[PDB]
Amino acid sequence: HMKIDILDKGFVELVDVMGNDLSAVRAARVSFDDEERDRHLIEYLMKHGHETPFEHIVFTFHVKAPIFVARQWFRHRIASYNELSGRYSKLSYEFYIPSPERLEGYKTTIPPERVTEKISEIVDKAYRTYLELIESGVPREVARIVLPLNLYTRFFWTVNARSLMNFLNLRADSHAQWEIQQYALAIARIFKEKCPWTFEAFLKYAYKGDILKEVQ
């Protein structure tokens, strides 16, 4: 299974896939079974906006992302989600602590290392308060509300190539938060590995973002 590590404790793991570039070719021509002619069709469908044949290629991912990242991701309605229940599921209680390198470019009054320290400080205080409430008898659903937005969560993502290509135009772009951009780059990498023709054609004719045309 393809697994790309993202941020300090996160990942993107490919669980399953249905079809390849030819799944889109079969659907566009409508018949159940030439390499150059088939790849030429992929480029034709892409450059002319014939997006429906690409809905026949489906992916299942296992993502471990911080809640603030998952909140931006889960806004993509044309997909299937299954996340860990904060009310009942036994979470690992891992948190995203940005490295000082995340603050490179911004001029700060305090050192970037002090920002990293202040984030660690408040997640430890919040987590200790949570355990103290849990130990005292407060139900999980009430005690968990004190936990920060950088807390790690795990989910299953079933998405078709069409909706995956929309996620890439929006999330694999400089206007999206750096944290989600990283997760989208891993999604693009897994997509390129499984559908090389559809990915290449996408970057050539349909891709609206910027970071995928700059980063290898």
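Superpose the two forms; the largest set of C-alphas matching within 1.5 Å is the rigid core. From 1 onward, residues are counted along the sequence shown.
- After a core fit, the C-alpha atoms in 5 other deposited structures of this protein lie farther on average from the shown form in one of 87-95 and 120-128, namely 87-95.
- Using the rigid core as the fitting frame, the root mean square C-alpha deviation in 5 other deposited structures of this protein is greater for 23-31 than for the other of 148-156 and 23-31.
- Legend: mean Cα B-factor per stretch from the PDB entry, 40-48 versus 157-165; the higher mean is in 40-48.
- Per the PDB record, of the two stretches 103-111 and 78-86, 103-111 carries the greater mean B-factor over its C-alpha atoms.
- Residue set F32, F61, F54, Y152: peak C-alpha B-factor at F32 (per PDB entry).
- Split the chain's modelled residues into thirds by C-alpha temperature factor. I145 is in the lowest one.
- Ranked by C-alpha B-factor against the other modelled residues of its chain, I180 falls in the middle third.
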